[PDB]
Structures are given as structure tokens and as C-alpha cells.
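The structure under discussion appears below in the form of C-alpha cells.
In this analysis, Cβ positions are derived from the backbone assuming ideal geometry, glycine residues included, and neighbour counts consider all displayed protein chains. No value in this document is a laboratory result; all are computed from the given coordinates.
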Ligand SMILES: [Cd+2]
């Protein structure tokens, strides 16, 4: 059950089964294993801007 995260900063949803394609988010990367090193592909901030969509 891949979870998704929405960046409250802009409103971008992340699909654990399809994260970023330019950085290299292979299909199967849970936000848990993605520390702050990863940022938003539309903004460029830390992970604090991303939250869990439903099922929290
Ligand atoms: Cd964002």
C-alpha cells in the first residue's frame, strides 16, 4: 500500500509508486527512507513541507 504526501507549501502530491523521475525516485521509495536530503520538484524546500494525505 504505497502512501502519498502532499506539499502543503504548494499542493503537490507524492506517489510512493512514482516519485521523481529526474532525481531517481525508483518506483517503490517510501517517504520514510527519504530524509530531508530530498526536496520538492516544484518548490525546493525540505521535507517538512510534505505531509501525509489521509490515513495519518
Ligand atoms: Cd512544494
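Per-structure values
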{"read-out": "Single condition residue 3 does not satisfy, out of (1) touching a strand residue (DSSP E or B) at 6+ places or on another chain (Cβ under 9 Å); (2) within 10 Å of the ligand (Cβ to nearest atom)", "value": "(2)"}
{"read-out": "Selection from region 19-46 of residues that are surrounded by 11 or more Cβ atoms within 10 Å (Cβ to Cβ) and on the phi > 0 side of the Ramachandran plot", "value": "28"}
{"read-out": "Residue 29 vs. criteria more than 15 Å from the ligand (Cβ to nearest atom) and either touching a residue at least 60 places away in the same chain (Cβ under 8 Å) or under 21 Å from residue 56 (Cα atoms) (or both)", "value": "yes"}
{"read-out": "Test: residue in region 10-20 that is within 16 Å of the ligand (Cβ to nearest atom), touching a residue at least 24 places away in the same chain (Cβ under 8 Å), assigned to a loop (DSSP other than H, G, I, E, B) and in contact with a strand residue (DSSP E or B) (Cβ under 9 Å, 6 or more places away or on another chain)", "value": "no"}
{"read-out": "Filtered residues of region 32-56 (kept if within 12 Å of the ligand (Cβ to nearest atom), in contact (Cβ under 8 Å) with a residue 40 or more places away in the chain and not in a helix (DSSP H, G or I))", "value": "50, 51"}
